[PDB]
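All remarks here apply to the structure that follows.
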Amino acid sequence: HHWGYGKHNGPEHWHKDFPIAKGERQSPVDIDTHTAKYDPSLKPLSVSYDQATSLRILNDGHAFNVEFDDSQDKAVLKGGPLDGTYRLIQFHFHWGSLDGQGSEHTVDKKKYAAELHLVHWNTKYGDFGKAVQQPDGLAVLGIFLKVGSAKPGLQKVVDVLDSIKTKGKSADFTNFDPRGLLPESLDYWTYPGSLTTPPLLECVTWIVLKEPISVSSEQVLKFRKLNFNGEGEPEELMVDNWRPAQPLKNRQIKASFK
Ligand SMILES: [Zn+2]
């Protein structure tokens, strides 16, 4: 039926409705730190989120998304391996049922408790919908989450999850500053990839930060209380909403640090 993360509609079944699932530049991938190529040509990342305007938080049945106003260059990403300006449109997470799994990308086979994805689209295409049809249409900033000390800047997100427990529920979520979710260092790995959920379009320039952010056990536990199902339906906990690593194929992962 509809795609998901269950036993009968999970990642291994996606190729039936979305053939590109077996494409040449699919994500996520395992980042082999000893095979990654240091590129001194790579520029530092430029993250300008001071004028960010968050609007709403939504449970879309696959994860929860915090949406931003992308009608102007309020929150943008530039520099790094990017050519042009990319506007932040939304961010969401992927997490597991246990602290030992949850991230989509892995580092030397290591899985993190969760992974944060900040999605941006290339302004030259005018349109998020137009951007996903281009090889350089999107730029996604990936950040790993490890369990340890609590992340203060994440609590506002955690506290509102009760109001969007089921699929289709949304809540006003204004005044949220995404800068509180960034690690200290902006060193990164980058490679050409795809969206990790259907339609799995190969329009993403992935920028994965080396430094993970730490969140508390209680914070992640609250993520696990969400539901894949809609209100009134049998409860299915929203956990393990991650896609496993895909073949790197003919791609090179570059590092901004040595
Ligand atoms: Zn994602």
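Residues in the structure tokens are numbered from 1 in each chain, the chains being A, B, ... in the order shown, and ligands are numbered from 1 in the order shown.
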Original post:
Which residues form the shell of 9 Å around ligand 1 when you count only C-alpha atoms and all ligand atoms, given as a ChimeraX atom specification?
Top reply: /A:63,91-94,104,115-119,140,142,195-197,242
Original post:
Among range 45-232 of chain A, which ones does DSSP place in helix (DSSP H, G or I), written as an MDAnalysis selection string?
Top reply: chainID A and resid 123:125 128:131 152:164 178:181 217:223
Original post:
Within 9 Å of residue 109 in chain A, counting only C-alpha atoms, which residues qualify if same-chain residues fewer than 4 places away don't, as a PyMOL selection string?
Top reply: chain A and resi 30-32+105
Original post:
Can you list, as a VMD selection string, every residue of range 144-239 of chain A that DSSP puts in strand (DSSP E)?
Top reply: chain A and resid 144 to 147 170 to 172 188 to 193 204 to 209 213 to 215
Subject >> Polymer residues at most 10 Å from range 166-175 of chain A, only C-alpha atoms, same-chain spacing of 3 or more positions, as number ranges by chain >> reply: A: 52-68, 156-157, 160-163, 178, 225-233, 235-238
Original post:
Leaving out residue 29 in chain A and any residue of its chain fewer than 6 positions from it, which residues lie within 7 Å of it when counting only C-alpha atoms, given as a ChimeraX atom specification?
Top reply: /A:105-106,245-248
Kindly save the residues from that selection, with C-alpha atoms included, as a compact mmCIF listing (two decimals), in the first residue's frame.
```txt
# COMPACT_ATOMS: atom_id res chain seq x y z
CA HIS A 105 24.11 8.21 7.53
CA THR A 106 26.73 6.24 9.43
CA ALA A 245 22.82 2.93 3.93
CA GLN A 246 22.86 2.64 0.13
CA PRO A 247 25.70 1.75 -2.29
CA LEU A 248 28.14 4.63 -2.83
```
Original post:
Got a sec: who's within 12 Å of residue 204 in chain A, counting only C-alpha atoms, leaving out chain neighbours fewer than 2 positions off, as number ranges by chain?
Top reply: A: 25-28, 81-82, 86, 117-122, 131-142, 190-196, 200-202, 206-208
**OP:** Using only C-alpha atoms, determine which residues lie at most 7 Å from residue 150 in chain A, disregarding the query and same-chain residues fewer than 2 positions distant; provide the list as a PyMOL selection string.
**Re:** chain A and resi 148+152+214-216
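Minimum atom-to-atom distances from A:84, A:144, A:73, A:12 to residue 101 in chain A were compared using only C-alpha atoms, and the lowest value belongs to A:144.
Taking CA of residue 87 in chain A as the reference point, CA of residue 209 in chain A is found at 18.3 Å.
Closest approach to residue 2 in chain A among A:14, A:51, A:42, A:254: A:14, based on only C-alpha atoms.
Among A:203, A:158, A:255, A:186, the residue with the shortest atom-to-atom distance to residue 223 in chain A, counting only C-alpha atoms, is A:158.
In terms of minimum interatomic distance to residue 221 in chain A, A:159 ranks closest within A:8, A:50, A:159, A:153, counting only C-alpha atoms.
A straight line drawn from CA of residue 218 in chain A to CA of residue 99 in chain A is 11.3 Å long.
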